[PDB]
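Peer 1: Chain order of the listed sequences is P, L, Y and F. Counting from 1, one number per residue, gives the positions in the first sequence under the working numbering. Counting from 1, one number per residue, gives the positions in the second sequence under the working numbering. Counting from 1, one number per residue, gives the positions in the third sequence under the working numbering. Counting from 1, one number per residue, gives the positions in the fourth sequence under the working numbering. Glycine included, C-beta positions come from ideal geometry on N, C-alpha and C.
There are 4 protein chains.
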Amino acid sequence: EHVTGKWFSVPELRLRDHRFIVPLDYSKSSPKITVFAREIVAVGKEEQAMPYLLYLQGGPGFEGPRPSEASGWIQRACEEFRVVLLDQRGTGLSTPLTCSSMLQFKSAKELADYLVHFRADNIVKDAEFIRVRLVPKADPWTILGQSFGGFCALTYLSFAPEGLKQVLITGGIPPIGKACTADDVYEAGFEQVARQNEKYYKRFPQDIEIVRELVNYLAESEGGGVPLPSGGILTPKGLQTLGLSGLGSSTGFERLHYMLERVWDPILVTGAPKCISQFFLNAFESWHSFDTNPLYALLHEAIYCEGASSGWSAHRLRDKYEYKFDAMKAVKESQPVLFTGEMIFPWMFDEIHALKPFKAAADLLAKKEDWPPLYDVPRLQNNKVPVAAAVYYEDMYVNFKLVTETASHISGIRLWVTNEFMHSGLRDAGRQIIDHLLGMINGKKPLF
Amino acid sequence: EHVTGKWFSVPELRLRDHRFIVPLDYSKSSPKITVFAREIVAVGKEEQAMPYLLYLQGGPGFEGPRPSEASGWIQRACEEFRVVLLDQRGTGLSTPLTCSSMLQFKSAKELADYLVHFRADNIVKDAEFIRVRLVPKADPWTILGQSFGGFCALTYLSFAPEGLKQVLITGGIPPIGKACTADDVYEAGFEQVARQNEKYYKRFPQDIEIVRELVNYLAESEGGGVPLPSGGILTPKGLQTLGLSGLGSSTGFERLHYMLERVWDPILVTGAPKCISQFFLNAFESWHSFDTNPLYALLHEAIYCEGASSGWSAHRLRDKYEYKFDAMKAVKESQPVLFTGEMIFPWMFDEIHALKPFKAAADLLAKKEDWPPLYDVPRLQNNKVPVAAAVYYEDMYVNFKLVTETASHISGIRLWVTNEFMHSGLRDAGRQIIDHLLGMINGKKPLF
Amino acid sequence: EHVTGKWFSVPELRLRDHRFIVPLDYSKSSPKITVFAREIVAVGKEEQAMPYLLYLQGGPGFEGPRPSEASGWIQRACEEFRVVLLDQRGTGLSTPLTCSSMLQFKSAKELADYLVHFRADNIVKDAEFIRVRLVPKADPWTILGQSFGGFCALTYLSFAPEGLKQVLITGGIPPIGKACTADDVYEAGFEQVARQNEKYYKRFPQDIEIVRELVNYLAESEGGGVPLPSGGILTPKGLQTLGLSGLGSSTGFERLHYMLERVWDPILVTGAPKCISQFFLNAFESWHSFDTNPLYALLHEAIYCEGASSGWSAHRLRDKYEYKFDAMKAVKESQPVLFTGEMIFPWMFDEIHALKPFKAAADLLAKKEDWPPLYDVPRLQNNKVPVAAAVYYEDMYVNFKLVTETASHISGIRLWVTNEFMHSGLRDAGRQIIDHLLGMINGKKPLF
Amino acid sequence: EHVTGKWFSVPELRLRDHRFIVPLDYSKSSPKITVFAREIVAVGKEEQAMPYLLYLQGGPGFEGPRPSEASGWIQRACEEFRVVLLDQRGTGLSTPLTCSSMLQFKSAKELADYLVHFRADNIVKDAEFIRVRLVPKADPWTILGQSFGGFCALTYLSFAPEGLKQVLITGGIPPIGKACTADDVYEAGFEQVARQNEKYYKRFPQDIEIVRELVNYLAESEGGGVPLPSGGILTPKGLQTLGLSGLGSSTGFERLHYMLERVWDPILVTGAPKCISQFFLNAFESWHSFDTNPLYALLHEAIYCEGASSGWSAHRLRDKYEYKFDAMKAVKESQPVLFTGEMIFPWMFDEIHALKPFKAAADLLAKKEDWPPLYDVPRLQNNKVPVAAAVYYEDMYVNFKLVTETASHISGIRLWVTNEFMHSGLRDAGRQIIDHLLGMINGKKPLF
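If you want it as structure tokens, here you go:
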């Protein structure tokens with residue numbers, strides 16, 4: 001089954017939507033799920049025969065871009081390609097596993113045994129099920145992957161590379177070659193997270209006292225925290241999560257300072273006490289995404305598993321660095337408190353109200369040993385499909401050593417190391433990323 | 001008293017903060033208030049002498065711009081001046097009246113006697129208190145007003161105009177010359193709101209069935225609306241206020257369609273009912289500002305009063321148009337339901353959870369009939385300060401027929417009527433708005 | 001003693017020469033030396049007071065840029081500073097140690113005791129001697145260093161750091177922290193040279209056979225070679241030095257392909273023997289710089305020495321890599337012949353006619369211990385001068401691993417890593433380099 | 001017989017080489033010669049049908065462009081045409097007549113009887129033999145020629161107008177209508193050469209003494225000169241030959257001044273004699289091209305012959321101007337000494353070491369009568385092929401008055417006179433030269 005809507009406009013572009021009915025598990029005919037994609041073109045090119053580009057989104061539970069106008073990489077891509085934006089399984093409009101949707105299962109065993117079908121390998125099987133129907137004569141297409149969309153791209157080079165014309169990857173080469181790589185990722189991740197904290201306080205020296213005051217006030221409170229507007233808790237452990245975007249994203253240092261300006265509430269009536277501001281508690285409750293995209297909490301470590309369980313791998317490895325990462329040791333010893341990022345911890349399923357009912361199913365995932373494979377190293381060592389990659393030298397989401405060690409196992413890969421961009425660099429000056437990566441494959445900047 | 005911080009850097013900008021201690025009520029010495037402003041200059045110009053520019057922010061209750069990069073109108077303004085961004089009284093870092101802050105007052109009589117000090121005719125006395133201390137030799141300065149910041153600028157042209165070099169306005173010309181203009185504003189408002197709804201359903205035709213089905217489900221639920229995560233309710237009246245920014249801001253039409261794509265949850269497991277999605281409820285609760293900036297609800301109609309009571313004028317006028325604006329009538333007579341904007345109603349203080357304790361103080365303000373005046377028409381009728389205004393022809397938030405009569409009383413005003421921007425226009429290619437406005441005063445485009 | 005010439009013109013640029021009389025060695029009063037510098041400004045600014053910039057030239061033994069028009073980085077720099085181009089002592093117009101000029105010394109010991117005064121520390125004492133006489137008020141100035149000019153810049157951050165406003169470096173961070181780093185620099189050099197040879201034959205597959213047929217005819221010829229026009233000899237060991245400019249720079253891969261097409265001359269008269277072409281022998285003799293800049297042979301390995309000898313360290317290291325770099329093993333075993341990098345060898349003073357008499361003085365330098373030091377790590381660790389550096393990821397001359405660890409010993413250095421450019425990146429796209437490196441210090445890009 | 005190679009890449013361009021067998025003399029069909037042309041296109045256009053363009057390099061005996069990137073005129077031409085670069089017979093890869101290769105001929109008569117086949121009429125026979133099997137359908141093509149390449153192009157319009165779509169010329173219009181025009185060319189040549197020397201010493205006044213001191217030293221030296229590194233001799237007549245490219249070409253004035261700074265070696269040891277520098281003698285030996293392209297000396301005056309001999313016409317014409325061009329008279333009278341233009345003299349074969357053995361064959365050519373035709377004026381007077389020419393008003397190499405008489409005989413020629421450019425202009429402003437000349441033919445700039 002395949003159905004599609006009428007064309008519609010946003011300023012400078014034309015858009016259309018497609019819906020497919022596809023197997024839950026390709027080992028069976030039944031049950032089915034819906035999968036959704038949106039096709040985009042520049043004005044006046046609705047019927048024109050052109051090459052196709054597939055975009056694969058940057059994170060385990062995130063949806064396709066949803067543009068309001070032509071800008072950035074989409075505007076540029078539309079100068080050459082039909083652009084296809086795919087809503088990955090369980091997110092966006094492709095059978096969504098919202099915090100309300102996952103309450104339909106009676107028991108944690110049923111939820112865990114459903115969630116295992118949503119992973120990188122099935123995302124690639126759905127992309128192949130789309131191009132054989134969407135593309136004229138079932139021709140090959142180009143793919144662009146950001147972050148986790150780059151991990152999907154290496155699974156596509158490993159299995160069914162016959163559909164690929166050329167591959168572009170931004171900030172998205174994974175480590176490969178072990179039954180679970182998660183321990184090597186987080187052991188290196190804490191070192192970049194520590195260095196990004198160094199840069200933040202070096203730029204904004206005044207904040208060291210502000211976070212100190214706030215960590216005391218949250219810890220001296222009767223529960224080790226304070227209630228948020230949506231019935232969750234803010235605690236000194238919860239405060240340390242702001243780094244996930246506040247340190248690793250391109251506007252993060254700028255925004256994190258402007259939020260720490262508004263922490264306390266003013267005394268209007270004399271004799272009233274000093275208090276935490278409702279504006280800060282509302283802003284914190286709106287900063288993260290886990291209460292909205294819960295697959296980014298549940299399936300995060302499972303992207304590294306290829307034959308063994310992760311067992312809450314980030315939570316083990318925090319104990320190797322907790323002499324500097326404990327907020328309570330920091331305030332006692334007069335050290336700055338350190339923020340953390342791209343890593344998840346068991347206690348988040350206690351403090352975040354929307355995750356409360358999934359505490360059991362998250363452990364059944366964390367303990368699963370029998371994860372199927374994601375990559376094929378003997379094939380990648382023999383690859384024929386052209387590959388270009390943007391590699392960021394100071395990236396906290398994927399470590400540079402793990403990238404360059406892996407790049408030796410892809411046969412023909414060309415890559416540019418640059419220091420000039422954060423992990424967000426396909427959004428921030430995205431136009432020149434697409435020009436530079438296409439230029440290598442197209443032959444404008446030949447082997448150098 | 002006046003205190004000044006150290007400079008800090010944002011990409012291509014240099015920023016510094018100033019804090020002033022100011023009378024609550026200028027009729028006496030004390031109590032005091034703290035007022036905050038941020039001074040901005042381009043790289044390398046911290047010590048250079050240049051003309052000053054003051055920005056007056058566009059809404060009751062809003063903080064100033066908070067820039068994370070140079071690019072926008074601020075980049076242009078920094079080519080010639082050292083832009084000053086003022087957090088208005090009670091709105092931002094200037095002793096904010098957050099929800100948690102307003103709970104300090106023991107009775108509705110105390111809160112209502114305090115909120116009356118937070119109007120436009122005091123925001124202009126703070127601006128005069130600042131320039132005599134901030135500007136070299138206390139020289140005159142130019143002022144830029146967006147929306148409600150234009151209403152402040154007209155009080156400045158009538159009271160203490162001696163400090164002004166020239167005035168630039170975007171939207172923001174009020175009706176003047178009655179004791180309460182709010183009836184006249186809202187009688188015009190429902191006409192543009194009806195028109196803009198026509199255009200929305202002409203552009204996205206399939207949404208006519210999506211809102212219908214949703215209004216029926218919200219009417220059939222127990223006690224009407226479904227409960228929101230913060231303890232509010234989504235009634236079909238609450239669904240109609242979604243159009244406030246959705247129909248009147250430049251990105252609003254596309255963003256409102258992409259929200260209506262997400263309404264229901266998928267039937268993942270057999271026998272589970274059709275159900276409203278946690279994503280839609282969270283997005284709805286994140287859409288409006290009244291919990292974040294409650295001073296925008298409390299003092300909205302009170303900007304139109306000069307010695308007469310508003311008495312919930314927006315709610316009186318709705319009954320004149322109820323034959324088309326009643327959502328229950330639309331689902332029975334198969335007509336499209338209409339959304340609304342820039343109008344606040346009594347029931348919001350029953351239903352938006354953050355506003356629940358302030359209902360009594362909102363009625364004491366709504367029934368007040370002895371406000372001081374905002375304007376002085378005999379002085380506007382003798383004005384010598386140069387004035388340039390950008391006037392948007394199809395503006396939802398201030399009406400063209402009321403602007404064009406008021407523009408006859410300002411003695412030397414030049415104004416540029418255009419269809420090509422919505423009310424958000426200073427944030428939508430603001431570089432050309434500031435160049436075109438300055439070109440009319442400076443003499444690049446002389447009178448014709 | 002100090003003299004200066006009259007201004008003269010070049011398209012869009014106005015030049016002027018200054019000549020200084022300087023001691024041969026400091027801590028003594030005599031003998032003297034002349035040192036030459038050339039001031040450059042954009043049109044009409046000759047009388048205008050501006051900041052100064054000094055350019056330190058990139059090869060040991062090379063004269064300054066000598067421009068024919070305003071172009072590249074000189075066109076940019078003259079928008080802001082009064083660029084000074086320095087002919088380093090022993091080069092250009094500054095006491096030139098030309099291949100006939102050095103024949104005035106009656107013995108090899110006499111010559112060797114002269115050449116020891118021409119290192120990087122004395123180049124910084126010359127630059128200090130210029131500033132205090134040339135610059136108004138004797139103020140600080142900004143220094144720019146390509147390659148070995150970056151080695152000079154780190155001695156200027158080690159000794160006399162008071163003269164510096166800010167430092168810019170390009171492909172020029174030295175290794176630091178050992179008595180002689182040359183064995184490491186070379187252990188790493190043969191690794192990158194092997195990589196660049198792989199890319200060359202991967203791009204031009206036909207050249208594998210053309211260098212194997214050529215190495216054979218040269219090995220079969222008398223003495224294993226053929227006579228050059230100046231009476232030197234071409235041998236299979238001598239042919240490998242084409243890799244220096246051929247593999248390490250930005251036009252070398254193309255220039256080296258167009259030269260290898262020209263190797264054999266045609267049979268015009270039947271029965272005439274197959275012979276080596278005069279265009280190839282003339283272009284090979286014209287390809288290197290050792291006939292023109294003999295100081296680039298004699299002092300080259302000495303730039304890595306502090307209190308220990310080099311002892312022909314590049315020749316000592318090729319013995320570890322012999323099995324791939326030997327050209328006669330390569331033809332016997334049917335493998336491609338490799339070309340070599342920025343290395344000097346004992347035999348090079350026998351093959352090249354211009355170097356023949358300096359063979360004895362080369363050994364007296366190569367075996368010399370008690371070289372005075374160049375760097376002061378305990379001052380680099382607590383530096384306060386701003387420093388920016390362009391660092392190239394696939395550089396053949398300075399190894400990335402040695403650069404990135406040495407950058408950790410400068411207190412505030414802002415390096416940017418890139419793969420976009422080769423070592424020549426200030427000549428090609430030089431505008432970008434000055435805008436980006438100034439932008440990291442000036443404030444256009446703050447720390448992230 | 002025709003062969004073609006595989007494609008290869010340089011930055012922004014794709015290149016391929018074609019090799020053809022042609023007769024030595026078209027009247028006998030034996031012996032054979034191989035001719036080489038390189039085809040160039042922009043990226044991704046290898047297969048696409050677009051019009052061909054032929055380029056004629058225009059130094060007698062010089063190699064075609066040999067590009068390493070897209071820049072100048074080739075970057076622009078490839079926006080419209082399939083560019084074909086022809087190595088003219090006897091140079092580049094088209095069976096080279098280099099020094100070592102001409103030494104196969106047994107006697108001067110054999111050599112002279114070979115060289116008479118390497119002229120401009122046969123270059124057109126070769127170019128027509130290529131079009132008929134390289135171009136699809138054997139269609140017409142556009143041609144471009146600088147200098148002697150425009151010489152060639154008027155013989156193409158004389159003898160094979162069927163193949164020409166249009167003609168573009170950049171200062172290659174010769175004076176036709178006599179049996180040998182060389183006496184007219186050199187009579188008008190010494191006038192320009194004198195006026196260019198007056199501009200040089202007016203721009204660089206300090207050089208007047210430098211050349212005088214150097215002419216005295218060369219004349220007083222043993223045997224009337226100083227020995228070059230290659231075993232040639234620098235005599236004072238040899239020093240005057242710098243002007244060939246030092247005056248008439250675009251950077252010549254700049255370069256020639258920087259070279260005259262380097263003349264003398266310093267005195268490092270007290271009482272050493274003052275001496276001519278090894279840098280200067282190596283630079284002078286590297287300045288001229290006659291060692292690299294001996295066909296440029298041997299077949300120079302032969303381009304002006306159409307039935308009468310040249311008889312060393314430049315050497316004879318010099319006698320009319322000897323009162324100012326003799327360097328020995330100039331020093332004795334205390335006048336400036338003048339550099340010479342593009343011209344060749346009998347003594348060059350006694351002083352340039354590579355030319356020494358060809359002295360006899362040069363005189364057999366210089367005495368040859370019965371040279372065949374080059375032009376057909378009764379066809380040029382009724383030509384129908386479109387022609388566009390860039391004509392330079394102060395050109396050293398082709399005299400303007402000889403162009404303006406010849407341009408009256410071509411029927412449809414449009415020419416633009418300019419003083420903006422020296423003779424080199426197609427390499428200095430390439431882009432705008434091709435845009436301006438095509439603009440006359442295409443109808444951008446109609447008759448006016």
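Just the chain F side, please: which residues come within less than 9 Å of residue 92 (chain P) by C-beta, in chain order?
Peer 2: None at all; the shortest Cβ gap to chain F is about 35 Å.
Peer 1: Among residues of its own chain, excluding the 5 on either side of residue 437 (chain P), which ones have a beta-carbon nearer than 7 Å to its beta-carbon?
Peer 2: These residues qualify, in order along the chain: 168, 388, 390.
Peer 1: Identify, in the order they occur along the chain, each residue of the same chain with its Cβ nearer than 7 Å to the Cβ of residue 36 (chain Y), setting aside the five sequence neighbours on each side.
Peer 2: Here the set comprises 17, 19, 87, 92, 93, 94.
Peer 1: Helix, strand or coil, according to DSSP, for residue 2 (chain Y) in the structure here?
Peer 2: Residue 2 (chain Y): strand per DSSP, three-state reduction.
Peer 1: So, are the CB atoms of residue 399 (chain P) and residue 189 (chain P) less than 9 Å apart?
Peer 2: Contact: yes.
Peer 1: Among the residues of its own chain, which have a CB less than 7 Å from the CB of residue 60 (chain L), if the five just before and after it don't count?
Peer 2: Within the same chain, residue 60 (chain L) has close Cβ partners 148, 295, 296, 299, 300, 303.
Peer 1: Within the stretch 280-349 of chain P, note down every full beta strand (DSSP E) run reaching 3 residues or more, in order along the chain.
Peer 2: Here no run is fully enclosed.
Peer 1: With distances taken Cα to Cα, identify the nearest neighbour of residue 383 (chain F) among F:402, F:356, F:411.
Peer 2: Of the listed residues, the one whose Cα sits closest to residue 383 (chain F) is F:411.
Peer 1: Can you name the residues of chain P whose CB is closer than 8 Å to the CB of residue 9 (chain F)?
Peer 2: Residues of chain P passing the Cβ test: 443, 446.
Peer 1: Under 8 Å by Cβ, that's how I've got residue 101 (chain F) and residue 266 (chain Y) pegged, so tell me the actual separation to the nearest angstrom.
Peer 2: With a Cβ gap of about 6 Å, residue 101 (chain F) and residue 266 (chain Y) count as contacting.
Peer 1: Taking residue 289 (chain Y) as the reference, which of Y:330, Y:377, Y:63 has the closest Cα?
Peer 2: Considering only alpha carbons, the answer is Y:63.
Peer 1: Is the Cβ-Cβ distance between residue 242 (chain Y) and residue 284 (chain Y) less than 9 Å?
Peer 2: Against a cut-off of 9 Å, the Cβ pair of residue 284 (chain Y) and residue 242 (chain Y) comes out as a contact.
Peer 1: Does the contact criterion of 3 or more C-beta pairs under 8 Å hold for the stretch 108-122 of chain P versus the stretch 325-339 of chain P?
Peer 2: Contact fails: fewer than three Cβ-Cβ distances are below 8 Å.
Peer 1: Anything in chain P within Cβ reach of residue 43 (chain F), meaning under 7 Å, just list it in chain order.
Peer 2: 442, 443, 444, listed in chain order.
Peer 1: What are the start and end residues of each continuous alpha helix (DSSP H) run of 4 or more residues lying completely inside the stretch 58-110 of chain P, in chain order?
Peer 2: Correct list: 72-77.
Peer 1: Report the rounded CA-to-CA distance for residue 344 (chain Y) versus residue 316 (chain Y), giving the unit in angstroms.
Peer 2: Spanning the two alpha carbons is a distance of roughly 11 Å.
Peer 1: Chain Y beta carbons: is any one of them nearer than 9 Å to that of residue 417 (chain P)?
Peer 2: Taking Cβ atoms only, chain Y reaches closer than 9 Å to residue 417 (chain P), which makes this a yes.
Peer 1: Going along chain Y, which residues have a C-beta under 9 Å from residue 345 (chain P)?
Peer 2: Chain Y residues near residue 345 (chain P): none, gap ~26 Å exceeds 9 Å.
Peer 1: Opposite residue 39 (chain F) in the DSSP bridges: which residues?
Peer 2: Bridge partners of residue 39 (chain F): F:16, F:84.
Peer 1: For residue 330 (chain L), which residues in the same chain have their Cβ closer than 7 Å to its Cβ, ignoring the five residues on either side in sequence?
Peer 2: Cβ neighbours of residue 330 (chain L) beyond the five flanking positions: 336, 337.
Peer 1: If you draw a straight line from the C-alpha of residue 203 (chain P) to the C-alpha of residue 447 (chain Y), how long is it?
Peer 2: One C-alpha to the other measures close to 7 Å.
Peer 1: Please compile the residues from chain Y whose C-beta is within a distance smaller than 9 Å of the C-beta of residue 204 (chain F).
Peer 2: Those within 9 Å of residue 204 (chain F) in chain Y are 8.
Peer 1: My guess is that residue 351 (chain Y) and residue 233 (chain Y) are in contact by the Cβ rule of under 8 Å, so how many angstroms apart are they, rounded?
Peer 2: Right, their Cβ atoms sit about 5 Å apart.
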